[PDB]
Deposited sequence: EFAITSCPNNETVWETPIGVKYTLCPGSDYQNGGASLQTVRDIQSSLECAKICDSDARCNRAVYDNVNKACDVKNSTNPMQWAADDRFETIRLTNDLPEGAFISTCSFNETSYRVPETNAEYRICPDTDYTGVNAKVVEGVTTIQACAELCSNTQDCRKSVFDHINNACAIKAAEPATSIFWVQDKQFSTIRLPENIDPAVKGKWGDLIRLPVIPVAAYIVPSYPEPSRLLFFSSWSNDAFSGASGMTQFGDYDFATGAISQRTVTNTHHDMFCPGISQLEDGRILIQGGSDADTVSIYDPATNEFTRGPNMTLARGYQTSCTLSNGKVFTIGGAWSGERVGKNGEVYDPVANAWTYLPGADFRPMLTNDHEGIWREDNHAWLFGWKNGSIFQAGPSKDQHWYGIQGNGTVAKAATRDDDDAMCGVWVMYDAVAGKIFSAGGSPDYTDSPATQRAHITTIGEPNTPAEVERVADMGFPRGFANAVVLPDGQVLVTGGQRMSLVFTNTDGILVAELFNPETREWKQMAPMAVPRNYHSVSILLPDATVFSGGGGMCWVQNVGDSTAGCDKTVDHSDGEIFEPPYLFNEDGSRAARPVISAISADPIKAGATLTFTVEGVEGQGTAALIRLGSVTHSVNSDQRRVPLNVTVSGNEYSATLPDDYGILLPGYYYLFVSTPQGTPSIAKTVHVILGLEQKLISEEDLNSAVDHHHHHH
């Protein structure tokens, strides 16, 4: 039984008497004789309670909320929201101010985006702001926080027909780690809003800190981690997990990559198992067998880290390429070619930079042209300032030099950011912080950045609401929007220990979705999406001609395949864009897939038809076979 204030607050002489008394007092959580939807402390994207205007220039007040961050001013005078508003009006460049109900003080928040300001639920304060004017045609648009049972520390799209509908995500034995043998998964149907959780135990696998690759049949191979030698295989068909063969060498914080021939290569992962650099290894799904590749030498790919070998072989930028080759774009200052021939091979490809970029963002935005875009990262895993440097790396024949062009610096240094490639081939960078500090919100960049390789120029997007630092994720949805989620997780010694001394402020058991500009016309209305009306649900093979019916476009539409995504620790080794050429005869479109499985990696892809102005369809799922 729960009374709900005129504003929207909810509690659990009288009883509505003290309850009324409690909602007078900014210092009252309990009373003897408060239970809102989101608890005190919770981050917000919108006022949870009823807003209020206040006046020749107007402000919107959200009660029972704080703006965390560097203040430009804190003044002990003010005793009314009115007066705090009045003071924000007389302070140059004040967009955000905070009234402290308990101490009668007005804070003016400092300037954005140089400062990072966060909107928290706290009954002790109220927030005052100057109405924002975001043109979604230029800056895209964020929806509101979607709350989740598990922090999405790792996440992947489930391959389904006609288009994927579900996002699986997962943490450790707990939803907010410690060899446990359990893994808490969340399940999010974004067709419906449906959100379930489960606990995966059959595999005897805590899948925290793993390699993730999508196989030919769209099964998801989840490798090592808290259980350093254990391997689980997720079958979309079953919606079940199966044990795979133990890896040959136990690993965590490694990258795996699906190859042209549908085997999976992994190298490094010194976080768990022995604390030593880790040589390469290849999984063959047909033989269902791991093979150790000693000549896949780890030494050439090490970073130099103040914390040592524990870190230096972590989170490798691996792309599966032509004739079963592996390109390693970083994060080591030097790029290399790795292979699975003999006892495995290694050779220098190029120098990307003068310093390492651990957990920088990387994506193959243009497979047919061998084009890779890198930005951000930091020279050491933690306690190191992030770089603004970004590069286009061009790869041709395996085991011959690569070309690196430095491009425009990002507007912000980002450590632990995420990147997705979009159907137009632009790369959207999200989250990360100015100084890589594991388990912190400190100086989280909220402003997303769109990089356009056509112009080799950056564009600052609308801000998201929650800092997406360490243990955050970015993945592409079938509607060509971007999910940004997670952040946090606590070190807990034993397994089953109760999180009471952990900092819950750094946990964000939630996500938020960004509409890029391309979903909007000049007037900020949603633009008219092509419809792929008809498509064979049939497997297709490299070199084949894909045929589909596109209704709802003014002019000749373009098309592109985006491989489905897997993501954790700023590593998405499964995403890649294959641009297609379209020949239009009627409303029936046809494209000849590339001849090379090094470009068209076996697996499930999004097909997108886009308007000539660059507005993409919802995707139809497309399965490439070997």
Gaps vs the deposited sequence (1-based, no CA atoms) are 1-11, 24-43, 65-92, 115-118, 240, 243, 692-714
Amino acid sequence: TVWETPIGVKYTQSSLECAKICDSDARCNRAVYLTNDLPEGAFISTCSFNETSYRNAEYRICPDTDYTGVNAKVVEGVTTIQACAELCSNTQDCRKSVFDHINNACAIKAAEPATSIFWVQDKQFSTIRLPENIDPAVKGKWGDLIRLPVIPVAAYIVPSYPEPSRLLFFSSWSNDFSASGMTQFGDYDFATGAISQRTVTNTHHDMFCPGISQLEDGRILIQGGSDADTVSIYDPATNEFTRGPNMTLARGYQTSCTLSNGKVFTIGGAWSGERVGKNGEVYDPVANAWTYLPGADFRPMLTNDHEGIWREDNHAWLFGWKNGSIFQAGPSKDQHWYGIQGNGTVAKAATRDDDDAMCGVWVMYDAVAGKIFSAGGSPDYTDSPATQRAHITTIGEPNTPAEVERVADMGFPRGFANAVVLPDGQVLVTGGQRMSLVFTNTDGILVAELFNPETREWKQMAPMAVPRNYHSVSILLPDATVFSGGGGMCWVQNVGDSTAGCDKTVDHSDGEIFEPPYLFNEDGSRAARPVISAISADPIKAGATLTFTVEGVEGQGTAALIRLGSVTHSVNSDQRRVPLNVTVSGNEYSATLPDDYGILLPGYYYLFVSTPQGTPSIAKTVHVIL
From here on, numbers count along this sequence of modelled residues.
Of 504-512 and 128-136, the stretch with the higher mean C-alpha B-factor in the deposited entry is 128-136
Per the PDB record, is the mean Cα temperature factor higher over 167-175 or over 294-302?
-> 167-175
Reading the B-factor column for Cα atoms of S213, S196, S378, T230, the highest value belongs to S196
Among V482, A270, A528, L446 - the residue whose C-alpha B-factor is largest in the record = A528
Comparing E551 with the other modelled residues of its chain, is its CA B-factor in the lowest, middle or highest third?
-> middle
Assert third(CA B-factor, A534) within chain per record equals lowest
Can you work out whether the C-alpha temperature factor of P63 puts it in the lowest, middle or highest third of the chain?
-> middle
Sort the modelled residues of this chain by their C-alpha B factor and say whether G496 lands in the lowest, middle or highest third.
-> highest
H471 - Cα temperature factor, lowest/middle/highest third of chain | lowest
